[PDB]
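Chemist: Got a file for you: entry_39.csv, CSV, C-alpha atoms.
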chain,number,residue,atom,x,y,z
Q,3,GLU,CA,-88.9,90.4,-18.0
Q,4,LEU,CA,-87.4,86.9,-18.7
Q,5,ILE,CA,-84.4,87.9,-16.6
Q,6,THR,CA,-85.6,89.2,-13.2
Q,7,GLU,CA,-84.0,90.8,-10.1
Q,8,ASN,CA,-83.4,87.4,-8.4
Q,9,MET,CA,-82.8,84.2,-10.3
Q,10,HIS,CA,-81.8,80.6,-9.6
Q,11,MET,CA,-79.3,78.3,-11.5
Q,12,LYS,CA,-78.9,74.6,-12.0
Q,13,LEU,CA,-75.9,73.0,-13.7
Q,14,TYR,CA,-74.7,69.6,-15.0
Q,15,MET,CA,-71.0,69.1,-16.0
Q,16,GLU,CA,-69.1,66.1,-17.3
Q,17,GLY,CA,-65.6,65.8,-18.5
Q,18,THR,CA,-62.0,64.6,-18.3
Q,19,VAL,CA,-58.8,66.2,-17.1
Q,20,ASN,CA,-55.5,64.3,-17.8
Q,21,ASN,CA,-57.7,61.3,-18.7
Q,22,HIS,CA,-59.6,61.4,-15.3
Q,23,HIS,CA,-63.3,61.3,-15.9
Q,24,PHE,CA,-65.7,63.2,-13.6
Q,25,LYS,CA,-69.1,64.7,-13.2
Q,26,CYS,CA,-70.4,67.7,-11.2
Q,27,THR,CA,-73.8,69.2,-10.5
Q,28,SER,CA,-74.5,72.5,-9.0
Q,29,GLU,CA,-77.3,74.8,-7.7
Q,30,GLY,CA,-77.1,78.5,-7.1
Q,31,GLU,CA,-78.8,81.9,-7.1
Q,32,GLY,CA,-77.9,85.4,-7.9
Q,33,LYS,CA,-78.9,88.9,-8.9
Q,34,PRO,CA,-78.4,89.3,-12.7
Q,35,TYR,CA,-78.5,93.1,-12.8
Q,36,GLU,CA,-76.3,93.5,-9.8
Q,37,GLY,CA,-73.7,91.0,-11.2
Q,38,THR,CA,-73.6,88.8,-8.2
Q,39,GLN,CA,-74.0,85.0,-7.9
Q,40,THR,CA,-73.3,82.0,-5.7
Q,41,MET,CA,-73.0,78.3,-6.8
Q,42,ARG,CA,-73.0,75.3,-4.5
Q,43,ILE,CA,-71.2,72.5,-6.3
Q,44,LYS,CA,-70.9,68.7,-5.8
Q,45,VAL,CA,-68.5,66.3,-7.5
Q,46,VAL,CA,-70.9,63.4,-8.1
Q,47,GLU,CA,-68.6,61.1,-10.1
Q,48,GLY,CA,-64.7,60.7,-10.1
Q,49,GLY,CA,-64.2,62.4,-6.7
Q,50,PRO,CA,-62.0,63.3,-5.0
Q,51,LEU,CA,-60.6,64.9,-8.2
Q,52,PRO,CA,-56.8,64.4,-8.7
Q,53,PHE,CA,-56.4,68.0,-9.7
Q,54,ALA,CA,-57.1,71.5,-8.2
Q,55,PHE,CA,-60.8,72.3,-8.4
Q,56,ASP,CA,-59.7,75.9,-9.3
Q,57,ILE,CA,-59.2,74.9,-12.9
Q,58,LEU,CA,-62.9,74.3,-13.2
Q,59,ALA,CA,-64.0,77.5,-11.5
Q,60,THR,CA,-64.7,79.6,-14.7
Q,61,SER,CA,-66.8,76.8,-16.1
Q,62,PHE,CA,-69.6,77.1,-13.5
Q,66,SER,CA,-72.6,82.2,-15.9
Q,67,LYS,CA,-72.6,85.3,-18.0
Q,68,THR,CA,-76.2,86.3,-17.4
Q,69,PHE,CA,-75.1,87.6,-14.0
Q,70,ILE,CA,-72.9,90.5,-15.1
Q,71,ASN,CA,-74.0,94.0,-14.3
Q,72,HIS,CA,-74.0,95.7,-17.7
Q,73,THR,CA,-73.6,99.4,-16.8
Q,74,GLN,CA,-73.8,102.5,-19.1
Q,75,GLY,CA,-76.5,101.0,-21.3
Q,76,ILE,CA,-73.9,98.5,-22.8
Q,77,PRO,CA,-76.1,96.2,-24.9
Q,78,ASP,CA,-76.2,92.9,-23.0
Q,79,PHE,CA,-75.7,90.1,-25.5
Q,80,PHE,CA,-76.4,87.5,-22.8
Q,81,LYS,CA,-79.6,88.8,-21.3
Q,82,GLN,CA,-80.9,89.7,-24.8
Q,83,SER,CA,-80.5,86.1,-25.9
Q,84,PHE,CA,-83.4,84.8,-23.8
Q,85,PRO,CA,-85.7,82.9,-24.1
Q,86,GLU,CA,-83.5,80.9,-26.5
Q,87,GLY,CA,-80.3,81.4,-24.5
Q,88,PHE,CA,-76.7,81.2,-25.7
Q,89,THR,CA,-73.6,79.0,-25.8
Q,90,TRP,CA,-69.9,79.5,-25.0
Q,91,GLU,CA,-66.8,77.7,-26.1
Q,92,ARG,CA,-63.5,78.4,-24.3
Q,93,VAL,CA,-59.9,77.5,-24.4
Q,94,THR,CA,-57.8,78.2,-21.3
Q,95,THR,CA,-54.1,77.9,-21.8
Q,96,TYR,CA,-51.9,77.7,-18.7
Q,97,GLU,CA,-48.3,79.1,-19.0
Q,98,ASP,CA,-47.0,75.7,-17.8
Q,99,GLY,CA,-48.7,73.8,-20.5
Q,100,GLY,CA,-52.2,72.7,-19.2
Q,101,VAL,CA,-55.0,73.3,-21.7
Q,102,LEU,CA,-58.6,73.3,-20.4
Q,103,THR,CA,-61.3,73.4,-23.2
Q,104,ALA,CA,-64.9,73.8,-22.2
Q,105,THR,CA,-68.2,74.1,-24.1
Q,106,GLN,CA,-71.4,75.2,-22.5
Q,107,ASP,CA,-75.1,75.6,-23.2
Q,108,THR,CA,-77.2,78.1,-21.4
Q,109,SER,CA,-81.0,77.7,-21.4
Q,110,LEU,CA,-83.9,79.0,-19.4
Q,111,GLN,CA,-86.7,77.0,-17.8
Q,112,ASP,CA,-89.2,78.3,-15.2
Q,113,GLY,CA,-87.1,81.3,-14.3
Q,114,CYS,CA,-84.2,78.9,-13.7
Q,115,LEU,CA,-81.0,79.2,-15.6
Q,116,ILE,CA,-79.9,75.7,-16.8
Q,117,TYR,CA,-76.2,75.1,-17.7
Q,118,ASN,CA,-74.7,72.1,-19.4
Q,119,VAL,CA,-70.9,71.9,-19.5
Q,120,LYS,CA,-68.4,69.6,-21.2
Q,121,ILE,CA,-64.8,69.8,-20.1
Q,122,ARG,CA,-61.5,68.5,-21.6
Q,123,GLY,CA,-58.3,69.2,-19.8
Q,124,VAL,CA,-55.0,67.9,-21.2
Q,125,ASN,CA,-51.2,68.3,-20.5
Q,126,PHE,CA,-51.4,69.5,-16.9
Q,127,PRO,CA,-47.8,68.9,-15.7
Q,128,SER,CA,-47.7,66.1,-13.2
Q,129,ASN,CA,-45.5,68.0,-10.8
Q,130,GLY,CA,-47.2,71.4,-11.5
Q,131,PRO,CA,-49.4,73.1,-8.8
Q,132,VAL,CA,-52.7,72.0,-10.5
Q,133,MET,CA,-51.9,68.2,-10.3
Q,134,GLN,CA,-50.2,68.6,-6.9
Q,135,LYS,CA,-53.2,70.6,-5.5
Q,136,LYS,CA,-51.0,73.6,-4.4
Q,137,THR,CA,-53.5,76.3,-5.7
Q,138,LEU,CA,-55.3,79.0,-3.6
Q,139,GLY,CA,-57.9,80.5,-6.0
Q,140,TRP,CA,-58.0,83.3,-8.5
Q,141,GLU,CA,-57.1,87.0,-8.4
Q,142,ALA,CA,-59.6,89.5,-9.8
Q,143,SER,CA,-59.5,89.7,-13.6
Q,144,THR,CA,-60.7,91.8,-16.6
Q,145,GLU,CA,-62.2,90.3,-19.8
Q,146,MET,CA,-62.2,92.3,-23.0
Q,147,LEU,CA,-65.3,91.5,-25.1
Q,148,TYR,CA,-65.8,92.5,-28.8
Q,149,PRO,CA,-68.1,91.5,-31.6
Q,150,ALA,CA,-66.8,89.0,-34.1
Q,151,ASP,CA,-68.7,87.1,-36.9
Q,152,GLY,CA,-72.1,87.8,-35.2
Q,153,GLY,CA,-71.1,86.4,-31.9
Q,154,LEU,CA,-69.0,88.0,-29.1
Q,155,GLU,CA,-65.3,87.0,-28.4
Q,156,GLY,CA,-63.8,87.4,-25.0
Q,157,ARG,CA,-60.2,87.5,-23.8
Q,158,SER,CA,-58.7,87.4,-20.3
Q,159,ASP,CA,-55.4,86.6,-18.5
Q,160,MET,CA,-56.0,85.3,-15.1
Q,161,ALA,CA,-53.6,84.7,-12.2
Q,162,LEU,CA,-54.0,81.5,-10.0
Q,163,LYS,CA,-52.6,82.0,-6.5
Q,164,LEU,CA,-50.1,79.3,-5.3
Q,165,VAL,CA,-49.2,77.7,-2.0
Q,166,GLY,CA,-46.0,79.7,-1.1
Q,167,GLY,CA,-47.2,83.0,-2.6
Q,168,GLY,CA,-46.5,83.0,-6.3
Q,169,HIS,CA,-48.9,82.8,-9.2
Q,170,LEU,CA,-49.5,80.7,-12.3
Q,171,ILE,CA,-51.0,82.6,-15.2
Q,172,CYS,CA,-53.4,81.4,-17.9
Q,173,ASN,CA,-55.1,83.1,-20.9
Q,174,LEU,CA,-58.7,82.6,-21.8
Q,175,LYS,CA,-60.1,82.8,-25.3
Q,176,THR,CA,-63.9,82.5,-25.5
Q,177,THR,CA,-66.6,82.5,-28.2
Q,178,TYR,CA,-70.1,83.4,-27.1
Q,179,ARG,CA,-72.9,82.6,-29.6
Q,180,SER,CA,-76.6,83.5,-29.3
Q,181,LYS,CA,-79.4,81.0,-30.0
Q,182,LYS,CA,-81.6,84.0,-30.8
Q,183,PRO,CA,-81.5,85.3,-34.4
Q,184,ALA,CA,-79.3,88.3,-35.3
Q,185,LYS,CA,-82.5,90.1,-36.4
Q,186,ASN,CA,-83.4,90.5,-32.7
Q,187,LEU,CA,-80.1,91.4,-31.1
Q,188,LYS,CA,-78.4,94.7,-30.5
Q,189,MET,CA,-74.7,94.1,-30.6
Q,190,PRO,CA,-72.3,95.9,-28.1
Q,191,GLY,CA,-69.1,97.5,-29.3
Q,192,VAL,CA,-65.8,96.7,-27.5
Q,193,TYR,CA,-66.2,96.6,-23.7
Q,194,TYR,CA,-64.7,95.1,-20.5
Q,195,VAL,CA,-65.9,93.0,-17.6
Q,196,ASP,CA,-64.1,93.3,-14.3
Q,197,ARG,CA,-64.8,90.4,-11.9
Q,198,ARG,CA,-63.8,88.5,-8.8
Q,199,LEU,CA,-64.3,84.7,-8.5
Q,200,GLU,CA,-63.9,83.6,-4.9
Q,201,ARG,CA,-63.9,80.3,-3.1
Q,202,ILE,CA,-66.3,80.7,-0.2
Q,203,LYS,CA,-66.2,77.1,1.2
Q,204,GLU,CA,-64.9,73.6,0.4
Q,205,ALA,CA,-65.6,70.3,2.0
Q,206,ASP,CA,-64.1,66.8,1.7
Q,207,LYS,CA,-61.1,67.7,-0.5
Q,208,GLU,CA,-63.2,69.8,-2.8
Q,209,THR,CA,-65.9,67.3,-3.5
Q,210,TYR,CA,-68.2,70.2,-2.3
Q,211,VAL,CA,-67.4,73.7,-3.3
Q,212,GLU,CA,-69.2,77.1,-2.8
Q,213,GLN,CA,-68.1,79.8,-5.2
Q,214,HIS,CA,-69.2,83.4,-5.5
Q,215,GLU,CA,-68.7,85.8,-8.4
Q,216,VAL,CA,-69.2,89.6,-8.8
Q,217,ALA,CA,-68.9,91.0,-12.3
Q,218,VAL,CA,-69.4,94.5,-13.8
Q,219,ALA,CA,-69.2,95.5,-17.4
Q,220,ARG,CA,-67.9,99.0,-18.4
Q,221,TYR,CA,-66.5,100.9,-21.3
Q,222,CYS,CA,-63.2,102.5,-20.9
Q,223,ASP,CA,-63.9,105.4,-18.5
Q,224,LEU,CA,-60.7,107.3,-19.3
Q,225,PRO,CA,-60.6,110.6,-21.2
Q,226,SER,CA,-59.8,110.3,-24.9
Q,227,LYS,CA,-58.0,112.7,-27.2
Q,228,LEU,CA,-59.8,111.3,-30.2
For this file, write the structure as structure tokens.
Modeler:
Amino acid sequence: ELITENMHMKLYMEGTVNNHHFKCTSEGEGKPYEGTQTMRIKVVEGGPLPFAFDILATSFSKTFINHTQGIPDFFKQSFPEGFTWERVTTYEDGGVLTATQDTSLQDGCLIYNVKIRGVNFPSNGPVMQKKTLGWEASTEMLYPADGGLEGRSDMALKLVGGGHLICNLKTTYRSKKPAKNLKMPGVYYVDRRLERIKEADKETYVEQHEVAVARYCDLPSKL
């Protein structure tokens, strides 16, 4: 009941990447049970950013994942209190983007607050040279650990000229609701696409869409 068929989102983000300070705000809507969502994002301080906006894409929403097969949904269960996430994204060319997030709910609106710290992005690498072209589809594996959920994913960033730069995501999701009141899932997987829909003014405005579906392994087992 707290999480309905159609929901809105509002976000505030601040941080630094290679010592460059910035702030973003965003507004969006989606369908939490269908796993679809759109964010319209503005860089409101420190624009235009000296790095590829793509490295911020995963920091803009776990309530909008279609949890199929009765998978207990840690995120939707966490309301009204909400949940937090803390992530480290490690790029294979050295860049490290750490992000911490709070998810709350007010007036049927999801409210996100994000803090970003990015360090060691190579100055001649595609992030700092802005030679990136968005993300391939990815799979996250989630599993219970110490009363929260851990997630892990490798993602591939498309590059001008056709190659890819890969990064690995390690995430800790923690509920603000007490353990008493939560049914934990076992190991499961979330497949997703994160797509750039529009950009304006050298990525000071960005529209991004995600579709995400959770599943167990659907393959036959001999055990």
Chemist: Would you mind listing what lies within 12 Å of residue 176 in chain Q as JSON, numbers by chain, with only C-alpha atoms counted and same-chain residues fewer than 5 positions away left out?
Modeler: {"Q": [60, 61, 67, 89, 90, 91, 92, 93, 94, 95, 102, 103, 104, 105, 106, 145, 146, 147, 148, 149, 150, 153, 154, 155, 156, 157, 158, 159]}
Chemist: Fewer than 5 positions away in the same chain doesn't count, so skip those; otherwise give me all residues within 10 Å of range 122-126 of chain Q, counting all atoms listed in the file, as JSON, numbers by chain.
Modeler: {"Q": [16, 17, 18, 19, 20, 21, 22, 23, 53, 57, 58, 93, 94, 95, 96, 98, 99, 100, 101, 102, 103, 104, 105, 131, 132, 133]}
Chemist: So the first atom is CA of residue 87 in chain Q and the second is CA of residue 5 in chain Q; what is the distance between them in Å, to one decimal place?
Modeler: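 It comes out at 11.0 Å.
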Chemist: From the set Q:212, Q:56, Q:206, Q:151, which residue has the shortest atom-to-atom contact distance to residue 139 in chain Q, counting only C-alpha atoms?
Modeler: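 Comparing Q:212, Q:56, Q:206, Q:151 against residue 139 in chain Q, the winner is Q:56.
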Chemist: Using only C-alpha atoms, which residue out of Q:202, Q:119, Q:222, Q:162 lies closest to residue 107 in chain Q?
Modeler: Q:119
Chemist: How far is it from CA of residue 81 in chain Q to CA of residue 12 in chain Q, in Å with one decimal?
Modeler: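 Taking CA of residue 81 in chain Q as the start and CA of residue 12 in chain Q as the end point, the length is 17.0 Å.
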Chemist: How many Å lie between CA of residue 74 in chain Q and CA of residue 111 in chain Q, rounded to one decimal?
Modeler: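 Between CA of residue 74 in chain Q and CA of residue 111 in chain Q the gap is 28.6 Å.
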Chemist: May I ask which of the residues Q:32, Q:27, Q:66, Q:178 is the closest one to residue 44 in chain Q, counting all atoms listed in the file?
Modeler: Q:27
Chemist: For each of Q:112, Q:35, Q:26, Q:142, take the minimum atom-to-atom distance to residue 73 in chain Q, counting all atoms listed in the file, then give the residue where this is smallest.
Modeler: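 Ranked by minimum distance to residue 73 in chain Q, first place goes to Q:35.
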Chemist: Under the rule that all atoms listed in the file are counted, which of Q:45, Q:76, Q:54, Q:171 is the nearest residue to residue 218 in chain Q?
Modeler: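 Selected residue with least distance to residue 218 in chain Q: Q:76.
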Chemist: Give as a ChimeraX atom specification every residue, naming chains and numbers as the document does, that has an atom within 9 Å of (-59.5, 85.7, -8.7), counting only C-alpha atoms.
Modeler: /Q:139-143,160-163,197-201
Chemist: Would you tabulate, counting all atoms listed in the file, all residues of range 13-131 of chain Q that have an atom at most 10 Å from an atom of range 186-189 of chain Q, showing the closest pair of atoms and their distance in Å to one decimal, sorted by chain then ascending number, as JSON lines?
Modeler:
{"residue": "Q:76", "atom": "CA", "partner": "Q:189", "partner_atom": "CA", "distance": 9.0}
{"residue": "Q:77", "atom": "CA", "partner": "Q:189", "partner_atom": "CA", "distance": 6.2}
{"residue": "Q:78", "atom": "CA", "partner": "Q:189", "partner_atom": "CA", "distance": 7.8}
{"residue": "Q:79", "atom": "CA", "partner": "Q:189", "partner_atom": "CA", "distance": 6.6}
{"residue": "Q:80", "atom": "CA", "partner": "Q:187", "partner_atom": "CA", "distance": 9.9}
{"residue": "Q:82", "atom": "CA", "partner": "Q:187", "partner_atom": "CA", "distance": 6.6}
{"residue": "Q:83", "atom": "CA", "partner": "Q:187", "partner_atom": "CA", "distance": 7.4}
Chemist: Using only C-alpha atoms, which of the listed residues (Q:129, Q:75, Q:138, Q:210) sits closest to residue 29 in chain Q?
Modeler: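 Using only C-alpha atoms, the shortest distance to residue 29 in chain Q belongs to Q:210.
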